[PDB]
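Asker: This is the structure, below, for whatever I ask next.
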Amino acid sequence: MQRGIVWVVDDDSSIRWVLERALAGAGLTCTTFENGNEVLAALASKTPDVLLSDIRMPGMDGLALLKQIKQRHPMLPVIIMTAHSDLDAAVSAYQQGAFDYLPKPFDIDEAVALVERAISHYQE
């Protein structure tokens, strides 16, 4: 309902700036690493309110990371974020139980509200 965890794994300072500039400014918990690999160590420990997996970056990938949140506990809200590459998953994801497609670059202005959009579904 108010504030929450925000994990964004991507390889780009351009998307990391606007992102951290939105959360840190909105009081939302800002979190970043680089590739799904890093997020893994954090995933096994806890689960964010919403993450934007990336399937098109020099870091690692989005399948290896999504395979955890999907297997470990797919009940959590997840959003697919990437470019034309691997965009085919944008469809299958929906049938699998995806939330939406927030490709980058994007406007954090809309993301800030989209972050809670899913969290609400699991209102405590």
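Starting from 1 in every chain, residues are counted up; chains themselves are A, B, ... following the order of the structure tokens, and ligands are numbered from 1 as listed.
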Determine, counting only C-alpha atoms, which protein, DNA and RNA residues have an atom within 9 Å of an atom of segment 64-68 of chain A; residues of the same chain fewer than 3 positions away are not included. Present the result as a list in words.
Answerer: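 Here the answer would be residues 35, 36, 37, 39, 40, 43, 44, 53, 54, 60, 61, 71, 72, 73, 74 and 78 of chain A.
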Asker: Run DSSP on the backbone of this structure and report the residues of segment 7-95 of chain A it assigns to strand (DSSP E), as number ranges by chain.
Answerer: A: 7-8, 29-32, 51-54, 78-81
Asker: Could you turn the residues from that selection into a file that holds N, CA and C atoms, as an mmCIF file, in the first residue's frame?
Answerer:
data_model
loop_
_atom_site.group_PDB
_atom_site.id
_atom_site.type_symbol
_atom_site.label_atom_id
_atom_site.label_comp_id
_atom_site.auth_asym_id
_atom_site.auth_seq_id
_atom_site.Cartn_x
_atom_site.Cartn_y
_atom_site.Cartn_z
ATOM 1 N N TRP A 7 13.666 -4.318 -6.986
ATOM 2 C CA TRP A 7 14.903 -4.874 -7.522
ATOM 3 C C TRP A 7 14.931 -4.776 -9.043
ATOM 4 N N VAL A 8 15.941 -4.091 -9.569
ATOM 5 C CA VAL A 8 16.082 -3.926 -11.011
ATOM 6 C C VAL A 8 17.466 -4.356 -11.481
ATOM 7 N N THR A 29 12.364 1.650 -1.863
ATOM 8 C CA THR A 29 13.633 0.953 -1.697
ATOM 9 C C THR A 29 14.300 0.695 -3.043
ATOM 10 N N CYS A 30 15.430 1.353 -3.273
ATOM 11 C CA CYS A 30 16.167 1.195 -4.522
ATOM 12 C C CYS A 30 17.192 0.072 -4.411
ATOM 13 N N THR A 31 17.197 -0.819 -5.397
ATOM 14 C CA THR A 31 18.126 -1.942 -5.408
ATOM 15 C C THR A 31 18.593 -2.254 -6.825
ATOM 16 N N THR A 32 19.903 -2.422 -6.988
ATOM 17 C CA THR A 32 20.478 -2.723 -8.292
ATOM 18 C C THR A 32 21.743 -3.563 -8.154
ATOM 19 N N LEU A 51 10.191 -7.260 -9.749
ATOM 20 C CA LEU A 51 11.472 -7.199 -10.445
ATOM 21 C C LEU A 51 11.271 -7.225 -11.957
ATOM 22 N N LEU A 52 12.148 -6.534 -12.677
ATOM 23 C CA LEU A 52 12.070 -6.480 -14.132
ATOM 24 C C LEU A 52 13.195 -7.289 -14.769
ATOM 25 N N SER A 53 12.998 -8.600 -14.857
ATOM 26 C CA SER A 53 13.998 -9.486 -15.443
ATOM 27 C C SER A 53 14.423 -8.987 -16.821
ATOM 28 N N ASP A 54 15.694 -9.194 -17.152
ATOM 29 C CA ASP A 54 16.228 -8.767 -18.440
ATOM 30 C C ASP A 54 16.760 -9.959 -19.229
ATOM 31 N N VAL A 78 5.840 -10.635 -11.157
ATOM 32 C CA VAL A 78 7.028 -10.447 -11.981
ATOM 33 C C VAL A 78 6.682 -9.759 -13.297
ATOM 34 N N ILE A 79 7.588 -8.914 -13.773
ATOM 35 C CA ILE A 79 7.379 -8.193 -15.023
ATOM 36 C C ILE A 79 8.551 -8.396 -15.977
ATOM 37 N N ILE A 80 8.237 -8.666 -17.240
ATOM 38 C CA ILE A 80 9.265 -8.878 -18.253
ATOM 39 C C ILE A 80 9.708 -7.557 -18.871
ATOM 40 N N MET A 81 11.010 -7.292 -18.817
ATOM 41 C CA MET A 81 11.563 -6.064 -19.376
ATOM 42 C C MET A 81 12.772 -6.363 -20.257
#
Asker: Could you check the closest approach to residue 98 of chain A for each of A:21, A:122, A:76, A:84 and tell me which residue wins, using only C-alpha atoms?
Answerer: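 Closest residue, counting only C-alpha atoms: A:76.
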